[PDB]
$ cat target_33.txt   # compact mmCIF, C-alpha atoms
# COMPACT_ATOMS: atom_id res chain seq x y z
CA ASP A 68 5.17 23.35 25.82
CA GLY A 69 2.10 22.08 23.95
CA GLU A 70 -1.39 20.72 24.55
CA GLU A 71 -1.88 18.25 27.41
CA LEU A 72 -3.58 15.08 26.22
CA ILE A 73 -4.58 13.38 29.50
CA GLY A 74 -6.72 14.54 32.45
CA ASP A 75 -10.10 16.03 33.37
CA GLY A 76 -11.96 15.67 30.06
CA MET A 77 -10.40 12.48 28.72
CA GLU A 78 -13.89 10.99 28.73
CA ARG A 79 -15.29 14.01 26.84
CA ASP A 80 -13.50 12.72 23.71
CA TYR A 81 -14.86 9.18 24.00
CA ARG A 82 -18.61 9.90 24.17
CA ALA A 83 -20.93 7.71 22.08
CA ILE A 84 -22.70 9.48 19.19
CA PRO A 85 -24.92 6.82 17.52
CA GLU A 86 -25.83 9.32 14.76
CA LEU A 87 -22.21 9.41 13.51
CA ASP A 88 -21.05 6.03 14.81
CA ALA A 89 -22.59 4.05 11.93
CA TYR A 90 -22.22 4.00 8.12
CA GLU A 91 -24.75 5.78 5.91
CA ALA A 92 -26.75 3.71 3.40
CA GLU A 93 -26.30 6.17 0.48
CA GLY A 94 -23.10 5.81 -1.57
CA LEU A 95 -22.81 2.12 -0.71
CA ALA A 96 -23.78 -1.02 -2.65
CA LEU A 97 -27.50 -1.55 -3.36
CA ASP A 98 -27.64 -5.26 -2.48
CA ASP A 99 -25.54 -8.14 -1.08
CA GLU A 100 -24.95 -9.63 -4.56
CA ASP A 101 -21.86 -11.64 -5.43
CA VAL A 102 -19.25 -9.50 -7.13
CA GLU A 103 -16.34 -10.72 -9.27
CA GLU A 104 -12.81 -10.40 -7.92
CA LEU A 105 -10.12 -9.23 -10.34
CA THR A 106 -8.50 -11.94 -12.42
CA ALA A 107 -4.68 -12.12 -12.27
CA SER A 108 -4.57 -10.68 -15.80
CA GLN A 109 -6.72 -7.64 -14.93
CA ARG A 110 -4.69 -7.25 -11.73
CA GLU A 111 -1.55 -6.91 -13.89
CA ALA A 112 -3.23 -4.78 -16.59
CA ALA A 113 -4.17 -2.45 -13.73
CA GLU A 114 -0.73 -2.31 -12.09
CA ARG A 115 0.96 -1.49 -15.41
CA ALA A 116 -1.53 1.33 -16.09
CA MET A 117 -0.78 2.66 -12.59
CA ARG A 118 3.00 2.57 -13.21
CA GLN A 119 2.28 4.86 -16.17
CA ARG A 120 1.32 7.87 -14.03
CA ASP A 121 4.15 7.25 -11.57
CA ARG A 122 6.46 8.11 -14.51
CA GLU A 123 5.19 11.66 -15.26
CA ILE B 51 -7.25 -14.24 37.27
CA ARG B 52 -8.51 -10.95 35.78
CA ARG B 53 -11.48 -10.81 33.41
CA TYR B 54 -11.60 -8.14 30.70
CA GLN B 55 -14.77 -6.23 29.80
CA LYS B 56 -15.16 -5.96 26.00
CA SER B 57 -15.90 -2.81 23.97
CA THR B 58 -15.44 -1.52 20.39
CA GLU B 59 -12.72 1.12 20.11
CA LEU B 60 -13.10 4.66 18.77
CA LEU B 61 -10.42 6.26 16.59
CA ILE B 62 -12.17 8.08 13.73
CA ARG B 63 -15.99 8.40 13.52
CA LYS B 64 -17.64 6.31 10.79
CA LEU B 65 -20.18 8.59 9.05
CA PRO B 66 -17.72 11.49 8.65
CA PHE B 67 -15.15 9.03 7.28
CA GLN B 68 -17.64 7.67 4.71
CA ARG B 69 -18.35 11.19 3.49
CA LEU B 70 -14.60 11.83 3.24
CA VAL B 71 -14.18 8.71 1.07
CA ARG B 72 -17.05 9.79 -1.21
CA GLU B 73 -15.47 13.27 -1.64
CA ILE B 74 -12.10 11.92 -2.81
CA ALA B 75 -13.49 9.02 -4.85
CA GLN B 76 -15.75 11.45 -6.76
CA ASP B 77 -12.72 13.24 -8.21
CA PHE B 78 -11.25 9.97 -9.56
CA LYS B 79 -14.50 8.44 -10.92
CA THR B 80 -18.09 9.76 -10.68
CA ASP B 81 -21.16 7.53 -10.05
CA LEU B 82 -19.28 4.87 -8.11
CA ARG B 83 -20.53 2.65 -5.27
CA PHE B 84 -18.63 1.17 -2.31
CA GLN B 85 -19.26 -2.05 -0.41
CA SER B 86 -19.55 -1.43 3.35
CA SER B 87 -16.65 -3.83 3.97
CA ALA B 88 -14.48 -1.87 1.51
CA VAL B 89 -15.00 1.49 3.23
CA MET B 90 -14.41 -0.23 6.56
CA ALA B 91 -11.15 -1.75 5.25
CA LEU B 92 -10.13 1.75 4.11
CA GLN B 93 -10.89 3.09 7.58
CA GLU B 94 -9.06 0.28 9.37
CA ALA B 95 -6.06 1.05 7.13
CA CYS B 96 -5.98 4.80 7.83
CA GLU B 97 -6.52 4.40 11.55
CA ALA B 98 -3.82 1.77 12.11
CA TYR B 99 -1.51 3.74 9.81
CA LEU B 100 -1.89 6.96 11.82
CA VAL B 101 -1.72 5.08 15.17
CA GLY B 102 1.58 3.53 14.11
CA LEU B 103 2.80 6.94 12.98
CA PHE B 104 2.05 8.25 16.49
CA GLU B 105 3.74 5.21 18.10
CA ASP B 106 6.95 6.25 16.33
CA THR B 107 6.37 9.81 17.52
CA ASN B 108 5.98 8.49 21.08
CA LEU B 109 9.21 6.45 20.94
CA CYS B 110 11.12 9.40 19.42
CA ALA B 111 9.98 11.58 22.30
CA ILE B 112 10.68 9.21 25.21
CA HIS B 113 14.31 8.49 24.25
CA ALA B 114 14.96 12.08 23.20
CA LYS B 115 13.65 12.79 26.74
CA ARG B 116 10.89 15.15 25.57
CA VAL B 117 7.24 15.56 26.63
CA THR B 118 5.70 17.28 23.59
CA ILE B 119 5.71 15.70 20.13
CA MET B 120 6.38 17.87 17.05
CA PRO B 121 5.45 17.75 13.33
CA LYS B 122 9.13 16.83 12.77
CA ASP B 123 8.66 13.54 14.67
CA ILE B 124 5.78 12.77 12.28
CA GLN B 125 8.02 13.68 9.33
CA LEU B 126 10.62 11.16 10.64
CA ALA B 127 7.92 8.50 11.16
CA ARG B 128 6.87 9.07 7.55
CA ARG B 129 10.48 8.81 6.31
CA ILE B 130 11.34 5.52 8.05
CA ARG B 131 8.27 4.12 6.27
CA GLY B 132 9.37 5.13 2.77
CA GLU B 133 7.34 8.12 1.57
CA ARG B 134 9.12 11.38 0.65
CA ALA C 2 7.49 -11.38 -2.80
CA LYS C 3 10.27 -13.35 -4.52
CA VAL C 4 13.02 -12.20 -2.14
CA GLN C 5 12.12 -12.04 1.56
CA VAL C 6 14.36 -10.71 4.33
CA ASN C 7 14.08 -13.05 7.32
CA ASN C 8 16.21 -11.04 9.75
CA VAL C 9 18.68 -8.20 10.33
CA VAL C 10 21.08 -8.19 13.31
CA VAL C 11 22.85 -5.09 14.70
CA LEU C 12 26.44 -6.04 15.59
CA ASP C 13 28.41 -3.31 17.46
CA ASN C 14 25.71 -1.61 19.52
CA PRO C 15 25.80 0.64 21.32
CA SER C 16 29.08 2.07 19.99
CA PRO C 17 31.10 5.26 19.49
CA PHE C 18 29.47 7.58 16.89
CA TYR C 19 32.35 7.20 14.44
CA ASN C 20 32.18 3.36 14.45
CA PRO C 21 31.26 1.71 11.15
CA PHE C 22 27.73 0.29 10.86
CA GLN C 23 27.60 -3.46 11.31
CA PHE C 24 24.52 -5.39 10.18
CA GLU C 25 24.00 -9.11 9.58
CA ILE C 26 21.31 -9.68 6.95
CA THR C 27 19.51 -12.99 6.36
CA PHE C 28 17.32 -13.15 3.24
CA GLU C 29 15.48 -15.94 1.41
CA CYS C 30 15.18 -16.61 -2.30
CA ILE C 31 12.39 -18.72 -3.83
CA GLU C 32 14.30 -19.15 -7.12
CA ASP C 33 17.57 -18.11 -8.83
CA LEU C 34 17.92 -14.39 -9.56
CA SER C 35 18.40 -12.98 -13.07
CA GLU C 36 19.34 -9.45 -11.93
CA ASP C 37 21.39 -8.10 -9.00
CA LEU C 38 20.14 -7.07 -5.57
CA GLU C 39 21.26 -3.59 -4.53
CA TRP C 40 21.50 -2.92 -0.79
CA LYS C 41 21.73 0.68 0.35
CA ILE C 42 22.68 1.93 3.82
CA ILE C 43 21.30 5.46 4.29
CA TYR C 44 21.69 7.83 7.26
CA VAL C 45 18.95 10.47 7.39
CA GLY C 46 20.84 13.59 8.46
CA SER C 47 17.64 15.60 8.86
CA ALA C 48 13.89 14.93 8.80
CA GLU C 49 13.48 18.34 7.14
CA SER C 50 15.06 17.51 3.78
CA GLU C 51 16.16 14.54 1.68
CA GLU C 52 19.20 16.69 0.86
CA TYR C 53 20.75 15.72 4.21
CA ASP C 54 20.50 11.94 3.78
CA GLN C 55 23.90 10.30 3.40
CA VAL C 56 24.27 7.06 1.41
CA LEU C 57 26.98 5.53 3.61
CA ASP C 58 27.44 2.51 1.34
CA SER C 59 25.90 0.60 -1.57
CA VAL C 60 26.50 -3.07 -2.39
CA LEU C 61 25.53 -5.11 -5.44
CA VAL C 62 24.79 -8.84 -4.88
CA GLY C 63 24.42 -11.48 -7.62
CA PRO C 64 23.89 -13.92 -9.06
CA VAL C 65 21.75 -15.27 -6.20
CA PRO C 66 21.28 -19.02 -5.57
CA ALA C 67 17.86 -20.12 -4.30
CA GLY C 68 17.61 -20.51 -0.51
CA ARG C 69 18.64 -18.84 2.75
CA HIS C 70 21.62 -16.51 2.41
CA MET C 71 23.45 -14.56 5.10
CA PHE C 72 25.96 -11.69 4.80
CA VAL C 73 27.53 -8.92 6.91
CA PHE C 74 27.04 -5.32 5.71
CA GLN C 75 29.50 -2.70 6.97
CA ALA C 76 29.28 0.98 6.02
CA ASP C 77 31.35 3.90 7.40
CA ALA C 78 29.89 6.47 9.82
CA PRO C 79 28.16 9.55 8.28
CA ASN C 80 30.02 12.81 7.73
CA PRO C 81 29.35 14.98 10.80
CA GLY C 82 30.02 18.04 8.60
CA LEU C 83 26.86 17.38 6.59
CA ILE C 84 24.59 16.80 9.63
CA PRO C 85 22.42 19.80 10.66
CA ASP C 86 23.45 20.63 14.22
CA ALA C 87 19.87 20.58 15.50
CA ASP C 88 19.45 16.87 14.71
CA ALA C 89 22.97 15.63 15.53
CA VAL C 90 22.43 14.96 19.24
CA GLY C 91 19.19 13.02 19.74
CA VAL C 92 16.97 10.71 17.73
CA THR C 93 17.42 10.13 13.97
CA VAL C 94 17.15 7.18 11.50
CA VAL C 95 19.32 4.76 9.54
CA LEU C 96 17.73 2.90 6.64
CA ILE C 97 18.64 -0.40 5.02
CA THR C 98 16.92 -0.59 1.64
CA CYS C 99 17.07 -3.27 -1.04
CA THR C 100 16.10 -2.80 -4.68
CA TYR C 101 15.55 -5.29 -7.51
CA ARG C 102 15.74 -3.93 -11.06
CA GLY C 103 15.94 -0.50 -9.39
CA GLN C 104 12.70 -1.10 -7.48
CA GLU C 105 12.65 -1.07 -3.68
CA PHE C 106 10.77 -4.04 -2.26
CA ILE C 107 11.94 -3.79 1.35
CA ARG C 108 12.98 -0.99 3.70
CA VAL C 109 14.33 -1.74 7.17
CA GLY C 110 14.66 1.40 9.28
CA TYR C 111 16.13 1.88 12.73
CA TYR C 112 15.76 4.80 15.11
CA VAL C 113 19.19 6.04 16.21
CA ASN C 114 19.83 7.74 19.54
CA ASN C 115 22.93 9.93 19.73
CA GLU C 116 23.77 10.95 23.29
CA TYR C 117 26.80 11.89 25.41
CA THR C 118 27.80 9.17 27.90
CA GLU C 119 28.94 11.67 30.56
CA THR C 120 26.55 13.21 33.12
CA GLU C 121 28.22 16.63 32.93
CA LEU C 122 27.81 16.70 29.13
CA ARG C 123 24.16 15.66 29.42
CA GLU C 124 23.49 18.39 32.02
CA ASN C 125 25.06 20.98 29.70
CA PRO C 126 25.64 19.95 26.06
CA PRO C 127 27.88 22.18 23.89
CA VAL C 128 26.49 24.61 21.27
CA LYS C 129 28.41 22.82 18.51
CA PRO C 130 27.93 19.04 18.86
CA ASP C 131 31.03 17.08 19.91
CA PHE C 132 30.84 13.90 17.84
CA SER C 133 33.90 12.26 19.46
CA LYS C 134 32.12 12.04 22.83
CA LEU C 135 28.81 10.94 21.29
CA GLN C 136 27.46 7.45 21.73
CA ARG C 137 25.50 5.98 18.84
CA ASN C 138 22.69 3.76 20.06
CA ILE C 139 20.62 2.09 17.37
CA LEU C 140 17.21 1.20 18.85
CA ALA C 141 17.66 -2.31 17.49
CA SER C 142 14.69 -4.23 18.91
CA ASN C 143 12.33 -1.57 17.44
CA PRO C 144 12.78 -1.73 13.65
CA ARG C 145 10.37 -0.31 11.07
CA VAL C 146 10.17 -3.04 8.44
CA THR C 147 8.22 -1.84 5.39
CA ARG C 148 7.52 -4.12 2.40
CA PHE C 149 6.44 -2.88 -1.04
CA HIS C 150 4.78 -4.91 -3.81
CA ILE C 151 6.89 -4.44 -6.93
CA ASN C 152 7.42 -5.99 -10.38
CA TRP C 153 9.67 -9.04 -10.18
CA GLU C 154 10.33 -9.09 -13.91
CA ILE D 26 -10.37 17.69 4.80
CA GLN D 27 -13.03 18.40 7.42
CA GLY D 28 -13.91 14.67 7.72
CA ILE D 29 -11.23 14.14 10.38
CA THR D 30 -11.55 16.26 13.52
CA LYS D 31 -9.34 17.55 16.35
CA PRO D 32 -10.98 15.07 18.78
CA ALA D 33 -10.18 12.27 16.31
CA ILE D 34 -6.48 13.23 16.07
CA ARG D 35 -6.29 13.14 19.89
CA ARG D 36 -7.94 9.69 20.05
CA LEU D 37 -5.41 8.30 17.55
CA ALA D 38 -2.50 9.88 19.45
CA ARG D 39 -3.65 8.42 22.77
CA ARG D 40 -3.71 4.86 21.36
CA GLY D 41 -0.28 5.71 19.90
CA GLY D 42 0.95 6.25 23.47
CA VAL D 43 1.36 10.04 23.19
CA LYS D 44 1.16 12.27 26.29
CA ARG D 45 1.31 15.81 24.82
CA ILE D 46 0.85 17.37 21.37
CA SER D 47 1.98 20.60 19.75
CA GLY D 48 -0.70 22.84 18.25
CA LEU D 49 0.75 22.19 14.79
CA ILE D 50 -0.02 18.43 15.09
CA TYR D 51 -3.67 18.89 14.00
CA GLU D 52 -2.82 20.67 10.73
CA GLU D 53 -0.01 18.16 10.06
CA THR D 54 -1.95 14.92 10.79
CA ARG D 55 -4.64 16.14 8.36
CA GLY D 56 -2.18 16.73 5.50
CA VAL D 57 -0.66 13.27 6.08
CA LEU D 58 -4.02 11.45 6.03
CA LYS D 59 -5.16 13.46 2.98
CA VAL D 60 -2.22 12.08 0.97
CA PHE D 61 -2.62 8.55 2.40
CA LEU D 62 -6.34 8.36 1.53
CA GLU D 63 -5.96 9.95 -1.91
CA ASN D 64 -3.33 7.33 -2.78
CA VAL D 65 -5.10 4.17 -1.55
CA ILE D 66 -8.44 5.25 -3.06
CA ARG D 67 -6.86 6.19 -6.43
CA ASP D 68 -5.41 2.68 -6.76
CA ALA D 69 -8.48 0.83 -5.43
CA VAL D 70 -10.66 2.77 -7.92
CA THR D 71 -8.35 1.91 -10.85
CA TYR D 72 -8.61 -1.77 -9.78
CA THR D 73 -12.40 -1.46 -9.92
CA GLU D 74 -12.27 0.03 -13.45
CA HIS D 75 -9.94 -2.74 -14.70
CA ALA D 76 -12.33 -5.40 -13.41
CA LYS D 77 -15.13 -3.63 -15.37
CA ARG D 78 -17.08 -2.84 -12.19
CA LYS D 79 -18.59 0.21 -10.47
CA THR D 80 -18.84 -1.50 -7.08
CA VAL D 81 -15.61 -1.31 -5.05
CA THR D 82 -14.73 -4.47 -3.07
CA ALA D 83 -12.65 -4.95 0.09
CA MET D 84 -10.14 -6.83 -2.08
CA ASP D 85 -9.74 -3.78 -4.32
CA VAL D 86 -8.58 -1.96 -1.19
CA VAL D 87 -6.62 -4.98 0.11
CA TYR D 88 -4.68 -4.99 -3.18
CA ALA D 89 -4.19 -1.20 -3.13
CA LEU D 90 -2.84 -1.43 0.43
CA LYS D 91 -0.16 -3.97 -0.58
CA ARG D 92 0.92 -1.43 -3.18
CA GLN D 93 1.35 1.44 -0.69
CA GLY D 94 3.57 -0.67 1.59
CA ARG D 95 2.81 -2.21 4.97
CA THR D 96 5.10 -2.00 8.01
CA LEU D 97 5.75 -4.41 10.88
CA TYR D 98 7.95 -3.90 13.95
CA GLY D 99 10.38 -6.78 13.55
CA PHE D 100 10.99 -9.65 11.17
CA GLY D 101 9.41 -12.87 9.87
$ encode --input "target_33.txt" --output "structure tokens"
Amino acid sequence: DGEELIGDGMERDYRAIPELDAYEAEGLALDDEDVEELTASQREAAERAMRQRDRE
Amino acid sequence: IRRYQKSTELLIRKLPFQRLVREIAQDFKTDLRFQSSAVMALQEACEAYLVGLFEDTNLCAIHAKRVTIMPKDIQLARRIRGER
Amino acid sequence: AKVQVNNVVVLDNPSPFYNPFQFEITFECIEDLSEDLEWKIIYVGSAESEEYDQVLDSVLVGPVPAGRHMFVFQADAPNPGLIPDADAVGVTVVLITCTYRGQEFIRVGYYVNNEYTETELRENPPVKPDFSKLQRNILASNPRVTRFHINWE
Amino acid sequence: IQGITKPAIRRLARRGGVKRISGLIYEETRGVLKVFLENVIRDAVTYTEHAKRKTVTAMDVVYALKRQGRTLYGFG
């Protein structure tokens, strides 16, 4: 047998913790500026460079 | 008719997940920022991926007439999806 | 995705364990194909090692006209001698994989339930699995269809 | 990989439909998600470099997720 996953304490796992429940500002983008999406050429240039490692 | 009450769901906590992303991303490229929607997309990916993995583990158990799931049922779930 | 599998149908199911695998595959092609499509049928003998996977058949298809194509794939049953006893009776997987230029773009996996069709044998299964009394039941309506983004040149 | 917790693993399993878990599930789930995250991030970050950016977009991830392979239960 293993660990029971349902019963008295099911609600203990689903308690709201507003201090962890939201993303931190640090590490993220500074502003809401428009940012370029990869061109199809850079998309390919990327995927070829990634296939490089796969080989070793 | 039955009306549903609406509520956000909780799989993995957000702040810990963001710190986890930062950790890993640091090793690939230092001084690198994430858009909130990008981290969220990464989280949505992980969470649905692991939930699906467990769905396989659930189906493996019910037909095999078991109650407890094992790391081997996860290994199978991983295999049917392609990774070695 | 230049080639897209529209459907797979499981033909003799459930069946005796030793019965050959019968699938009906419908795929779609946006344009004519320069290289061949390679379809593999693989039985995962054990989740513990890739060593125990048995390639039951491999078919090469080409050249491919554009449009909806339909064919019937039939591979022989896996060798019971190579299947670790622990995994033999109970749930395992069969994979149908297709590669283009040796690159897998689609994997269709099925969970496979091996079980004795007699009550007495279910109450007390033998220490060594008896494959001739085993039913193979492919959980057909629950496939694991995984698509990978590969180079099409 | 302390980011993901034992409570988290349970939450994921419950939505998965699971009723009981072995002790070894926690250690295992962690190893699996470690690989999965390392892979998707690695690719998304390369995408960002190739676009000459230091701000990662949702599309960087969207593109990296197509690369890892997505599964659906049935055909279309």
$ residues_around --input "target_33.txt" --residues "residue 78 (chain C)" --least-positions-apart "6" --cutoff "9 Å" --atoms "all atoms listed in the file" --output "list in words"
residues 18, 19, 20, 21, 22, 44 and 57 of chain C
$ residues_around --input "target_33.txt" --residues "residue 80 (chain C)" --least-positions-apart "3" --cutoff "12 Å" --atoms "only C-alpha atoms" --output "list in words"
residues 18, 19, 20, 21, 43, 44, 45, 46, 53, 54, 55, 56, 57, 76, 77, 83, 84, 85, 89 and 132 of chain C
$ atom_distance --input "target_33.txt" --atom1 "CA of residue 88 (chain A)" --atom2 "CA of residue 30 (chain D)"
14.0 Å
$ atom_distance --input "target_33.txt" --atom1 "CA of residue 51 (chain C)" --atom2 "CA of residue 91 (chain C)"
18.4 Å
$ closest_atom_pairs --input "target_33.txt" --of "chain A" --to "chain D" --cutoff "10 Å" --atoms "all atoms listed in the file" --output "CSV"
residue,atom,partner,partner_atom,distance
A:68,CA,D:47,CA,7.4
A:69,CA,D:47,CA,4.5
A:70,CA,D:46,CA,5.1
A:71,CA,D:45,CA,4.8
A:72,CA,D:45,CA,5.1
A:73,CA,D:44,CA,6.7
A:77,CA,D:36,CA,9.4
A:79,CA,D:32,CA,9.2
A:80,CA,D:32,CA,6.0
A:81,CA,D:36,CA,8.0
A:95,CA,D:80,CA,8.3
A:96,CA,D:80,CA,6.7
A:97,CA,D:80,CA,9.4
A:102,CA,D:82,CA,7.9
A:103,CA,D:76,CA,7.8
A:104,CA,D:84,CA,7.3
A:105,CA,D:76,CA,5.4
A:106,CA,D:76,CA,7.6
A:108,CA,D:75,CA,9.6
A:109,CA,D:75,CA,5.9
A:110,CA,D:72,CA,7.0
A:111,CA,D:75,CA,9.4
A:112,CA,D:75,CA,7.3
A:113,CA,D:75,CA,5.9
A:114,CA,D:72,CA,8.2
A:116,CA,D:71,CA,8.6
A:117,CA,D:68,CA,7.4
$ atom_distance --input "target_33.txt" --atom1 "CA of residue 117 (chain B)" --atom2 "CA of residue 42 (chain D)"
11.7 Å
$ interface_residues --input "target_33.txt" --of "chain C" --to "chain B" --cutoff "9 Å" --atoms "only C-alpha atoms" --output "MDAnalysis selection string"
chainID C and resid 45 47:49 51 90:96 108:112 114:116 145:147
$ interface_residues --input "target_33.txt" --of "chain D" --to "chain C" --cutoff "12 Å" --atoms "all atoms listed in the file" --output "ChimeraX atom specification"
/D:88-101
$ write_last_selection --input "target_33.txt" --atoms "C-alpha atoms" --output "tab-separated table (two decimals), keeping the file's coordinate frame"
chain	number	residue	atom	x	y	z
D	88	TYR	CA	-4.68	-4.99	-3.18
D	89	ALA	CA	-4.19	-1.20	-3.13
D	90	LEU	CA	-2.84	-1.43	0.43
D	91	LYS	CA	-0.16	-3.97	-0.58
D	92	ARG	CA	0.92	-1.43	-3.18
D	93	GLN	CA	1.35	1.44	-0.69
D	94	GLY	CA	3.57	-0.67	1.59
D	95	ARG	CA	2.81	-2.21	4.97
D	96	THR	CA	5.10	-2.00	8.01
D	97	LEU	CA	5.75	-4.41	10.88
D	98	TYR	CA	7.95	-3.90	13.95
D	99	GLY	CA	10.38	-6.78	13.55
D	100	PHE	CA	10.99	-9.65	11.17
D	101	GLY	CA	9.41	-12.87	9.87
$ residues_around --input "target_33.txt" --residues "residue 36 (chain C)" --least-positions-apart "4" --cutoff "12 Å" --atoms "all atoms listed in the file" --output "PyMOL selection string"
chain C and resi 4+32+61-66+100-104+153-154
$ residues_around --input "target_33.txt" --residues "residue 119 (chain C)" --least-positions-apart "4" --cutoff "9 Å" --atoms "only C-alpha atoms" --output "PDB file with C-alpha atoms, in the frame of the given file"
ATOM      1  CA  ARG C 123      24.160  15.660  29.420  1.00  0.00           C
ATOM      2  CA  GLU C 124      23.490  18.390  32.020  1.00  0.00           C
ATOM      3  CA  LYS C 134      32.120  12.040  22.830  1.00  0.00           C
TER       4      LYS C 134
END
$ interface_residues --input "target_33.txt" --of "chain B" --to "chain A" --cutoff "7 Å" --atoms "all atoms listed in the file" --output "list in words"
residues 63, 64, 65, 66, 68, 83, 84, 85, 86 and 118 of chain B
$ residues_around --input "target_33.txt" --residues "region 11-14 of chain C" --least-positions-apart "6" --cutoff "7 Å" --atoms "all atoms listed in the file" --output "ChimeraX atom specification"
/C:23-25,138-139,141
$ residues_near_point --input "target_33.txt" --point "(19.0, -13.3, 4.1)" --cutoff "7 Å" --atoms "all atoms listed in the file" --output "MDAnalysis selection string"
chainID C and resid 6:8 26:29 69:71
$ axis_aligned_box --input "target_33.txt" --around "region 99-112 of chain C" --padding-each-side "5 Å" --output "lines of an AutoDock Vina configuration file"
center_x = 13.9
center_y = -0.2
center_z = 2.0
size_x = 16.3
size_y = 20.1
size_z = 36.2
$ closest_residue --input "target_33.txt" --among "B:116, B:90, B:74, B:51" --to "residue 26 (chain D)" --atoms "all atoms listed in the file"
B:74
$ closest_atom_pairs --input "target_33.txt" --of "chain B" --to "chain D" --cutoff "8 Å" --atoms "only C-alpha atoms" --output "CSV"
residue,atom,partner,partner_atom,distance
B:60,CA,D:36,CA,7.3
B:61,CA,D:36,CA,5.5
B:62,CA,D:33,CA,5.3
B:63,CA,D:33,CA,7.5
B:66,CA,D:28,CA,5.0
B:67,CA,D:28,CA,5.8
B:69,CA,D:28,CA,7.1
B:70,CA,D:28,CA,5.3
B:71,CA,D:62,CA,7.9
B:74,CA,D:63,CA,6.5
B:75,CA,D:66,CA,6.6
B:78,CA,D:67,CA,6.6
B:79,CA,D:70,CA,7.5
B:81,CA,D:79,CA,7.8
B:82,CA,D:79,CA,5.3
B:83,CA,D:80,CA,4.8
B:84,CA,D:81,CA,4.8
B:85,CA,D:82,CA,5.8
B:87,CA,D:83,CA,5.7
B:88,CA,D:83,CA,3.9
B:89,CA,D:83,CA,7.5
B:91,CA,D:83,CA,6.3
B:92,CA,D:86,CA,6.7
B:95,CA,D:90,CA,7.8
B:96,CA,D:58,CA,7.2
B:97,CA,D:37,CA,7.2
B:100,CA,D:37,CA,6.9
B:101,CA,D:41,CA,5.0
B:102,CA,D:41,CA,6.5
B:103,CA,D:41,CA,7.7
B:104,CA,D:41,CA,4.8
B:105,CA,D:41,CA,4.4
B:107,CA,D:43,CA,7.6
B:108,CA,D:43,CA,5.3
B:117,CA,D:45,CA,6.2
B:118,CA,D:45,CA,4.8
B:119,CA,D:46,CA,5.3
B:120,CA,D:47,CA,5.8
B:121,CA,D:50,CA,5.8
B:131,CA,D:96,CA,7.1
$ decode --input "target_33.txt" --residues "region 82-103 of chain A" --atoms "C-alpha atoms" --output "JSON list (two decimals), in the first residue's frame"
[["chain", "number", "residue", "atom", "x", "y", "z"],
["A", 82, "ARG", "CA", -5.64, 26.76, 1.12],
["A", 83, "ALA", "CA", -5.12, 30.22, -0.39],
["A", 84, "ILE", "CA", -1.68, 31.78, 0.22],
["A", 85, "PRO", "CA", -1.78, 35.24, -1.44],
["A", 86, "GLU", "CA", 1.94, 35.72, -0.67],
["A", 87, "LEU", "CA", 2.91, 32.84, -3.00],
["A", 88, "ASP", "CA", -0.15, 32.88, -5.27],
["A", 89, "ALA", "CA", 1.11, 35.77, -7.43],
["A", 90, "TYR", "CA", 4.18, 36.45, -9.61],
["A", 91, "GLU", "CA", 7.10, 38.50, -8.27],
["A", 92, "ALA", "CA", 8.02, 41.74, -10.07],
["A", 93, "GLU", "CA", 11.80, 41.08, -10.07],
["A", 94, "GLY", "CA", 13.16, 38.95, -12.92],
["A", 95, "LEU", "CA", 10.32, 39.99, -15.23],
["A", 96, "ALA", "CA", 10.13, 42.63, -17.98],
["A", 97, "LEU", "CA", 10.52, 46.28, -16.92],
["A", 98, "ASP", "CA", 7.67, 47.71, -19.02],
["A", 99, "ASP", "CA", 4.81, 46.69, -21.34],
["A", 100, "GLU", "CA", 6.77, 47.68, -24.48],
["A", 101, "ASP", "CA", 6.21, 46.02, -27.85],
["A", 102, "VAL", "CA", 8.75, 43.29, -28.47],
["A", 103, "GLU", "CA", 9.70, 41.79, -31.85]]
